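For reference, the structure discussed in these notes is given below.
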Protein chains: 6
Amino acid sequence: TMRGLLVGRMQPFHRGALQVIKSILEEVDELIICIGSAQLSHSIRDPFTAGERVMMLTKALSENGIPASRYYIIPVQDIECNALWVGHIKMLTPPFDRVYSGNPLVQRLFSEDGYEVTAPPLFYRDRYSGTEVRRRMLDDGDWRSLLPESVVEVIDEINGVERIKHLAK
Amino acid sequence: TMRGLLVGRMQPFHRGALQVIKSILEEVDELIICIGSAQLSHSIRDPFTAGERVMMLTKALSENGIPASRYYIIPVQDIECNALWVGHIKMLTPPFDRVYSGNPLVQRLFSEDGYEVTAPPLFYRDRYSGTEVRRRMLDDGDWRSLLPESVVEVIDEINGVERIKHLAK
Amino acid sequence: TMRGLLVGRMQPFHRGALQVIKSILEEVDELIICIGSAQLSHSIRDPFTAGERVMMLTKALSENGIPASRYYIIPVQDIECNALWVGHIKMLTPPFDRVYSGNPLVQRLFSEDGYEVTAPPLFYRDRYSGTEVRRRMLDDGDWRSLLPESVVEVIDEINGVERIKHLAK
Amino acid sequence: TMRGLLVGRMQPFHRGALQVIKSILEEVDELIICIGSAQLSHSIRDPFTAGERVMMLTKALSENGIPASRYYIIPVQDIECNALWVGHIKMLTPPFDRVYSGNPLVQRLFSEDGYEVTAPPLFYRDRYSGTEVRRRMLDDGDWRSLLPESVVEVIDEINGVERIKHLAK
Amino acid sequence: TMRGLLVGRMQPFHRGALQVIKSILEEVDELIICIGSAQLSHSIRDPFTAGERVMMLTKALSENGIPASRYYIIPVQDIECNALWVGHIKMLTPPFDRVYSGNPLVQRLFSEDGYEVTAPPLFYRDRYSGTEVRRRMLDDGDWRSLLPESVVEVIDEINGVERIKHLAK
Amino acid sequence: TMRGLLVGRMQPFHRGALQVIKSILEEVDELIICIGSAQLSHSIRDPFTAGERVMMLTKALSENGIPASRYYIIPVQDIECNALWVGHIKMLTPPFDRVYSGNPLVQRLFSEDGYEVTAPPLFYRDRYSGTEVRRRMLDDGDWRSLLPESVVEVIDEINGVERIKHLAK
Ligand SMILES: NC(=O)c1ccc[n+]([C@@H]2O[C@H](COP(=O)([O-])OP(=O)(O)OC[C@H]3O[C@@H](n4cnc5c(N)ncnc54)[C@H](O)[C@@H]3O)[C@@H](O)[C@H]2O)c1
Ligand SMILES: NC(=O)c1ccc[n+]([C@@H]2O[C@H](COP(=O)([O-])OP(=O)(O)OC[C@H]3O[C@@H](n4cnc5c(N)ncnc54)[C@H](O)[C@@H]3O)[C@@H](O)[C@H]2O)c1
Ligand SMILES: NC(=O)c1ccc[n+]([C@@H]2O[C@H](COP(=O)([O-])OP(=O)(O)OC[C@H]3O[C@@H](n4cnc5c(N)ncnc54)[C@H](O)[C@@H]3O)[C@@H](O)[C@H]2O)c1
Ligand SMILES: NC(=O)c1ccc[n+]([C@@H]2O[C@H](COP(=O)([O-])OP(=O)(O)OC[C@H]3O[C@@H](n4cnc5c(N)ncnc54)[C@H](O)[C@@H]3O)[C@@H](O)[C@H]2O)c1
Ligand SMILES: NC(=O)c1ccc[n+]([C@@H]2O[C@H](COP(=O)([O-])OP(=O)(O)OC[C@H]3O[C@@H](n4cnc5c(N)ncnc54)[C@H](O)[C@@H]3O)[C@@H](O)[C@H]2O)c1
Ligand SMILES: NC(=O)c1ccc[n+]([C@@H]2O[C@H](COP(=O)([O-])OP(=O)(O)OC[C@H]3O[C@@H](n4cnc5c(N)ncnc54)[C@H](O)[C@@H]3O)[C@@H](O)[C@H]2O)c1
């Protein structure tokens with residue numbers, strides 16, 4: 001049984017990311033989705049806490065009919081040592097075989113540790129990235145389109161827009 | 001929409017705990033299951049890492065037909081300050097309303113923070129607790145009975161018995 | 001009893017800060033004065049150690065005759081979790097009713113935690129900010145004027161000018 | 001100026017400690033009073049947070065007629081490296097000259113750094129220990145008589161008894 | 001090149017430890033000597049600081065003529081995550097091939113990480129353990145005998161006996 | 001015995017630093033060499049782990065004919081409190097007397113603690129900075145000539161070039 005690993009900040013979790021996740025789910029049996037930088041919250045760049053993000057990511061995946069048996073959602077706070085980050089991820093995740101990531105460091109860190117590393121099967125355009133979303137949330141610009149309905153609801157509940165706006169004064 | 005919170009070490013996740021979880025699931029809409037002491041591993045008292053435990057707890061819940069939309073599985077490392085632990089749980093979980101727990105500290109900490117706290121609707125006997133399980137794993141005594149099949153499989157994969165035994169020399 | 005809270009780096013404690021403290025003291029019974037970033041020291045931006053600033057405040061608030069029963073001085077180091085910061089502050093301070101701040105992040109954080117948040121009743125021009133005081137110590141300007149005597153005295157003892165000047169080299 | 005240092009858990013602050021403090025003032029211009037183990041709270045041995053203790057101290061010292069210029073109250077959280085604790089204490093406090101401690105480690109550590117060290121002037125009788133005080137709160141005893149009224153009023157506000165008692169269950 | 005690894009508290013470095021180190025040096029090209037619990041100091045159990053023990057080893061290994069090209073001395077503080085410990089050790093040490101330990105936990109940890117694990121080639125009676133050395137310094141026994149001269153010399157400089165004796169009071 | 005201290009990132013160790021080290025030995029009985037920022041690795045500015053650096057140092061010092069009794073190599077991880085760094089350094093090293101540093105903060109901090117401080121004897125030309133060395137590895141330049149062979153052999157073993165280059169993508 002083959003398990004893959006993915007790591008992203010998910011600020012917030014958007015359709016782009018989701019399309020990538022479904023993509024990987026066609027190559028592996030189970031995917032371990034790691035919410036990176038779980039310590040950052042309340043900032044224009046990282047406005048949501050690990051909690052809210054686990055929530056968005058949980059409701060969005062069970063909303064798209066993706067069987068809980070196919071994935072794991074784990075928060076991962078950043079640590080001072082790059083040389084200890086993989087060991088850090090490993091202690092928080094189930095045993096995995098392939099690491100999906102197009103980031104040089106993440107690739108190199110896992111690569112150096114013996115894992116098989118590849119780039120995600122899909123690449124979404126910046127127009128769909130969180131920066132657009134957050135940018136729209138502030139500039140009142142239909143950020144919802146870029147997000148899964150369940151995620152909009154999470155954002156609605158936690159007053160995501162109100163927050164990111166005040167933090168922007 | 002009502003959400004409850006539960007916190008346990010889950011070393012390992014056993015049928016007792018599971019029966020309690022299904023119990024709470026009849027009173028609340030969603031349950032946030034917190035794997036406490038996520039930093040302890042490789043010891044007779046706490047032999048499994050946060051990772052393996054998220055895994056057991058994930059496979060056992062999707063094995064009993066419990067809809068992913070009804071729960072959240074979050075690791076929670078212990079912190080030096082009891083006075084900051086609830087804020088610690090809150091930052092890692094989705095917004096919750098009721099805290100289930102029969103432990104004086106956990107009750108008092110959440111109670112003091114404004115949350116509604118009650119005792120779990122069900123109480124399993126020690127013969128079913130992790131101490132029995134671990135005790136059996138060492139003493140070769142049919143620990144499997146006490147655990148959900150999916151959990152046995154996790155334990156099998158990570159060589160749980162081999163580990164806890166060596167740690168016991 | 002009305003307890004308010006204020007939080008700033010006080011690097012160093014200058015007259016404006018005291019003008020504001022005196023004014024907040026007109027609408028609240030007691031004022032909790034939290035020394036932010038208590039862990040930063042020996043830098044052009046943050047030259048004094050938490051210890052020294054706790055000395056500056058205590059000495060200035062006395063020099064200006066202010067019943068010690070009306071204020072508290074508590075150092076507070078920064079934590080990597082903004083979502084944990086308020087609970088952190090709370091754990092180190094007497095129970096308070098209102099928070100005084102102009103910073104959006106401090107404002108939002110304390111607000112999301114359910115506290116009454118408000119702006120200081122007085123805003124002081126940069127001309128009298130810590131930057132101006134620090135820049136003078138460096139360029140041999142008139143820094144003593146921008147500060148309470150007891151503060152000038154503390155700075156002389158610890159050799160603040162000497163230190164800040166060396167670090168500038 | 002001759003500043004002396006004093007360190008203790010103060011769980012909670014009792015008349016005994018107070019007289020000791022007055023005694024020390026009789027031989028030191030100023031008394032830097034460090035509240036140890038600031039990170040512990042909500043346990044039988046350490047019921048109060050630090051902020052709570054900072055309140056008791058600040059209140060008792062202002063109600064027993066003691067110049068706010070003659071003392072400092074600094075919460076100090078314990079740290080793993082004993083060989084780095086005195087430095088820690090220093091960093092969080094004003095400059096001192098003599099350490100008043102009855103504890104061997106506290107003595108050996110401060111002296112090792114070169115500080116003048118000497119035992120506490122008085123040695124308040126028993127019936128004046130946090131233990132007896134905490135015990136009475138548990139067993140409905142007369143703890144109030146062992147604490148300065150100013151402190152008793154604090155314990156009432158934070159419902160200490162109710163806490164220590166629930167925690168005790 | 002065959003690099004082995006050893007790890008112990010060395011509180012203090014005694015003859016037996018050296019007898020074992022010399023023997024491990026007969027089957028490996030270089031030996032990585034990790035000073036465990038580098039954060040503990042000033043206690044009856046762990047009296048010396050990482051600094052001092054790094055001095056003891058370096059001085060003893062030289063006194064006994066051992067090419068410096070054959071060994072490394074690296075302090076290692078303990079971390080709360082056993083599952084992270086090996087990666088921690090690795091980050092601080094040259095690449096190694098085999099680990100020498102009698103402790104089950106160190107054995108299991110390094111083993112689960114894929115390293116060759118083996119017992120020291122020599123076991124020394126308690127009579128010559130750190131406990132015996134420490135107990136003599138306290139009871140005025142013959143501690144110098146149980147240790148290499150360079151070690152006795154280091155202990156004299158830092159006043160190890162004085163310290164250990166005071167902490168005993 | 002007159003021990004002097006030296007601190008640097010050594011990313012990586014080059015001939016320049018080495019000559020500086022020999023120079024210092026010409027005026028100090030022993031040289032405590034602290035490798036700073038031990039917690040950084042796998043970045044362009046800090047490619048090597050600490051264990052890697054400890055290897056380069058240990059190797060270069062044993063191959064350039066220098067008595068293992070005349071030096072110590074101690075990895076030092078940076079810490080948040082500048083006012084607690086020299087104490088930190090102390091705790092991890094043998095007792096020293098003089099600090100050789102060209103850095104203003106390092107100077108101001110050590111001197112503030114009372115240590116004799118003086119600049120590095122030599123001032124090795126440019127073309128001998130980690131920057132140039134790291135640059136050459138990136139641009140297939142001749143970095144080897146800037147490092148002692150002993151170090152070059154280390155970089156080859158940990159495939160530094162391959163790393164810094166991938167990281168660079
Ligand atoms: N030492 C440490 O603590 C350490 C070391 C490495 C990484 N991390 C963490 O790992 C997490 C992952 O970081 P990362 O480098 O992937 O950055 P990231 O998760 O922040 O994403 C980087 C960029 O990649 C884009 N992206 C991601 N997947 C994409 C895809 N399939 N198609 C198109 N664009 C895509 C994102 O929109 C974003 O702008 C972070 O939270 C980081 O902090 C921590
Ligand atoms: N400051 C802090 O870091 C802090 C403060 C409080 C709690 N915690 C953490 O919270 C977690 C929860 O601790 P806890 O007090 O519940 O202890 P626990 O999870 O270890 O469980 C305590 C005992 O309760 C039993 N139990 C649990 N639910 C039961 C039920 N329904 N019926 C019968 N028996 C049951 C378990 O088998 C166990 O023996 C721990 O991991 C603890 O470390 C951390
Ligand atoms: N997670 C965390 O650790 C966390 C989260 C938030 C804030 N903090 C800390 O809170 C502390 C307070 O930060 P802050 O945002 O107030 O910044 P600050 O204290 O550094 O002050 C910000 C600026 O506002 C000016 N200012 C303050 N009060 C003023 C007034 N009444 N009139 C005019 N100018 C005024 C100051 O002179 C300064 O230039 C900091 O130490 C910060 O690090 C920590
Ligand atoms: N590395 C570290 O984090 C580190 C190292 C050393 C000490 N500390 C801290 O230092 C603090 C001080 O501890 P401590 O040993 O003084 O304990 P303490 O003062 O909190 O209590 C020790 C006992 O001394 C008694 N006592 C004190 N003065 C007395 C007097 N004059 N007459 C009679 N009885 C008296 C108290 O009633 C109490 O029972 C602790 O909070 C400890 O955590 C921390
Ligand atoms: N997570 C973590 O931080 C973590 C996990 C595991 C181990 N460690 C550390 O690893 C270090 C090593 O621990 P350890 O288990 O070896 O304990 P230890 O170094 O304290 O030694 C254990 C006992 O074994 C004895 N001993 C050692 N070698 C011997 C030999 N060849 N013959 C006879 N007796 C011998 C010692 O004298 C001692 O009484 C410790 O500092 C420990 O804290 C840390
Ligand atoms: N609180 C803390 O954690 C804290 C406080 C202070 C310093 N530090 C650490 O101290 C370490 C030392 O830093 P640093 O400032 O010495 O930097 P460094 O030595 O790592 O580099 C500074 C520059 O000095 C150059 N240099 C040094 N000696 C020279 C000489 N004789 N001739 C020519 N050029 C020379 C180096 O080539 C380099 O470019 C750092 O790793 C830093 O992180 C940490």
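Simple scheme: letters A, B, ... for chains in structure tokens order, numbers from 1 for residues in each chain, numbers from 1 for ligands in the order shown.
Within 12 Å of residue 153 of chain A, once only C-alpha atoms are used and residues closer than 3 positions along the same chain are dropped, the contacting residues are residues 52, 55, 56, 57, 59, 60, 63, 144, 147, 148, 149, 150, 156, 157, 158, 159, 160 and 161 of chain A.
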Apply DSSP to the structure's backbone, then extract all residues of chain E labelled helix (DSSP H, G or I) and return them as a ChimeraX atom specification. /E:15-24,50-63,68-70,82-91,104-112,126-128,130-139,144-146,149-157,160-168
Pick out the residues sitting within 9 Å of residue 14 of chain B, and hand them over as a PyMOL selection string; count only C-alpha atoms, and ignore anything fewer than 2 positions along from it in its own chain. chain B and resi 10-12+16-19+128-130+133+146-148+151
Put those residues in a file: N, CA, C and O atoms, as an mmCIF file, in the first residue's frame.
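The file below, part_29.cif, is the result:
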```cif
data_model
loop_
_atom_site.group_PDB
_atom_site.id
_atom_site.type_symbol
_atom_site.label_atom_id
_atom_site.label_comp_id
_atom_site.auth_asym_id
_atom_site.auth_seq_id
_atom_site.Cartn_x
_atom_site.Cartn_y
_atom_site.Cartn_z
ATOM 1 N N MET B 10 -4.703 8.060 23.848
ATOM 2 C CA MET B 10 -4.915 7.039 22.831
ATOM 3 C C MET B 10 -3.665 6.170 22.621
ATOM 4 O O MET B 10 -3.181 6.037 21.499
ATOM 5 N N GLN B 11 -3.160 5.564 23.697
ATOM 6 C CA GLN B 11 -1.956 4.727 23.628
ATOM 7 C C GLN B 11 -2.198 3.239 23.913
ATOM 8 O O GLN B 11 -1.859 2.739 24.986
ATOM 9 N N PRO B 12 -2.770 2.505 22.949
ATOM 10 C CA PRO B 12 -3.218 2.911 21.615
ATOM 11 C C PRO B 12 -4.688 3.285 21.664
ATOM 12 O O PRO B 12 -5.259 3.438 22.750
ATOM 13 N N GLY B 16 -12.685 0.610 23.904
ATOM 14 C CA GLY B 16 -13.315 1.352 24.978
ATOM 15 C C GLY B 16 -13.510 2.780 24.524
ATOM 16 O O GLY B 16 -14.635 3.295 24.487
ATOM 17 N N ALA B 17 -12.404 3.419 24.154
ATOM 18 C CA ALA B 17 -12.439 4.795 23.683
ATOM 19 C C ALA B 17 -13.447 4.984 22.545
ATOM 20 O O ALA B 17 -14.223 5.945 22.536
ATOM 21 N N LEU B 18 -13.431 4.050 21.599
ATOM 22 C CA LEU B 18 -14.312 4.092 20.441
ATOM 23 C C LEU B 18 -15.788 4.076 20.824
ATOM 24 O O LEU B 18 -16.597 4.809 20.254
ATOM 25 N N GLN B 19 -16.133 3.246 21.799
ATOM 26 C CA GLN B 19 -17.512 3.136 22.264
ATOM 27 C C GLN B 19 -17.941 4.447 22.911
ATOM 28 O O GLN B 19 -19.105 4.845 22.833
ATOM 29 N N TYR B 128 -10.253 -2.872 29.950
ATOM 30 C CA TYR B 128 -10.290 -2.469 28.552
ATOM 31 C C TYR B 128 -9.397 -1.286 28.220
ATOM 32 O O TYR B 128 -9.259 -0.925 27.054
ATOM 33 N N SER B 129 -8.806 -0.685 29.248
ATOM 34 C CA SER B 129 -7.926 0.464 29.087
ATOM 35 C C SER B 129 -6.631 0.100 28.368
ATOM 36 O O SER B 129 -6.325 -1.078 28.173
ATOM 37 N N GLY B 130 -5.870 1.122 27.984
ATOM 38 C CA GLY B 130 -4.614 0.894 27.289
ATOM 39 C C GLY B 130 -3.621 0.097 28.115
ATOM 40 O O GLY B 130 -2.851 -0.700 27.570
ATOM 41 N N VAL B 133 -4.072 -3.392 27.411
ATOM 42 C CA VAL B 133 -3.563 -3.616 26.070
ATOM 43 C C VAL B 133 -2.051 -3.682 26.066
ATOM 44 O O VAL B 133 -1.470 -4.679 25.649
ATOM 45 N N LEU B 146 -9.013 -6.271 22.505
ATOM 46 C CA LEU B 146 -9.286 -4.957 23.040
ATOM 47 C C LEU B 146 -9.207 -3.829 22.009
ATOM 48 O O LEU B 146 -9.600 -2.689 22.282
ATOM 49 N N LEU B 147 -8.727 -4.150 20.814
ATOM 50 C CA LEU B 147 -8.580 -3.143 19.775
ATOM 51 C C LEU B 147 -9.370 -3.381 18.503
ATOM 52 O O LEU B 147 -9.684 -4.511 18.150
ATOM 53 N N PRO B 148 -9.710 -2.293 17.802
ATOM 54 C CA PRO B 148 -10.453 -2.352 16.542
ATOM 55 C C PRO B 148 -9.510 -2.967 15.513
ATOM 56 O O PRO B 148 -8.314 -2.677 15.523
ATOM 57 N N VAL B 151 -6.888 -0.844 13.916
ATOM 58 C CA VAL B 151 -5.816 -0.474 14.830
ATOM 59 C C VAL B 151 -4.794 -1.602 14.936
ATOM 60 O O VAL B 151 -3.589 -1.355 15.023
#
```
Segment 40-50 of chain A: which residues within 7 Å, counting only C-alpha atoms, same-chain residues fewer than 6 positions away excluded, as a compact mmCIF listing (two decimals) with C-alpha atoms, in the first residue's frame?
```
# COMPACT_ATOMS: atom_id res chain seq x y z
CA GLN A 11 -4.04 30.02 3.79
CA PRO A 75 -0.92 20.33 11.34
CA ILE A 164 -7.84 40.01 7.69
CA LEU A 167 -5.17 43.28 10.52
CA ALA A 168 -4.76 45.34 7.36
CA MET B 91 -5.60 27.35 18.32
CA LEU B 92 -5.40 23.78 16.96
CA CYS C 81 1.84 31.95 18.13
CA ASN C 82 -0.29 35.10 17.81
CA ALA C 83 -3.31 32.93 18.57
```
Which chains and residue numbers are within 9 Å of ligand 5, counting only C-alpha atoms and all ligand atoms, if I want them as number ranges by chain? E: 6-11, 16-17, 19-21, 34-40, 76-86, 88, 100-107, 109, 119-126, 128-131
Could you dump the residues just selected with C-alpha atoms as a compact mmCIF listing (two decimals), in the first residue's frame?
```txt
# COMPACT_ATOMS: atom_id res chain seq x y z
CA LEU E 6 28.43 6.48 21.78
CA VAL E 7 26.25 8.53 24.08
CA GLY E 8 26.29 8.98 27.83
CA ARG E 9 25.99 11.68 30.51
CA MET E 10 29.64 11.27 31.59
CA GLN E 11 28.79 12.84 34.98
CA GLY E 16 35.37 2.54 32.91
CA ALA E 17 33.89 4.83 30.31
CA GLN E 19 38.04 1.47 29.00
CA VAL E 20 34.88 1.06 26.90
CA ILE E 21 35.78 3.95 24.61
CA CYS E 34 28.00 12.38 22.44
CA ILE E 35 27.60 13.90 25.89
CA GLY E 36 23.98 13.11 26.76
CA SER E 37 21.72 15.34 28.88
CA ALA E 38 23.96 18.30 28.15
CA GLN E 39 21.36 20.56 29.79
CA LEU E 40 21.47 19.03 33.28
CA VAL E 76 23.66 17.01 23.11
CA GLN E 77 20.79 18.41 25.14
CA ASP E 78 17.72 16.25 25.67
CA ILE E 79 14.55 16.95 23.69
CA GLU E 80 11.01 16.08 24.73
CA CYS E 81 10.48 13.96 21.60
CA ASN E 82 12.14 10.53 21.61
CA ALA E 83 10.96 10.14 18.03
CA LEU E 84 12.98 13.24 17.18
CA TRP E 85 16.06 12.45 19.22
CA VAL E 86 18.00 10.48 16.58
CA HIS E 88 18.59 15.60 16.58
CA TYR E 100 27.01 1.56 20.65
CA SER E 101 24.57 1.39 23.53
CA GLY E 102 23.17 -0.87 26.19
CA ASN E 103 20.10 1.24 26.80
CA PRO E 104 16.98 -0.28 25.19
CA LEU E 105 15.46 3.11 24.33
CA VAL E 106 18.61 4.43 22.65
CA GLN E 107 18.91 1.01 21.03
CA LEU E 109 15.35 4.58 18.64
CA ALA E 119 26.14 -3.26 22.83
CA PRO E 120 29.42 -1.81 24.11
CA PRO E 121 32.19 -4.42 23.80
CA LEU E 122 32.80 -4.04 27.56
CA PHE E 123 30.51 -3.66 30.57
CA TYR E 124 31.91 -2.14 33.78
CA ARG E 125 30.69 -2.97 37.29
CA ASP E 126 28.77 -0.28 39.23
CA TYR E 128 33.26 2.12 38.91
CA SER E 129 30.15 3.99 37.78
CA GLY E 130 29.54 7.69 38.03
CA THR E 131 27.40 7.03 41.08
```
May I ask for the distance between atom CA of residue 53 of chain D and atom CA of residue 111 of chain B, given in Å to one decimal place? 20.7 Å
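Ranking E:137, E:5, E:89, E:66 by their shortest atom-to-atom distance to chain A, with only C-alpha atoms included, puts E:89 first.
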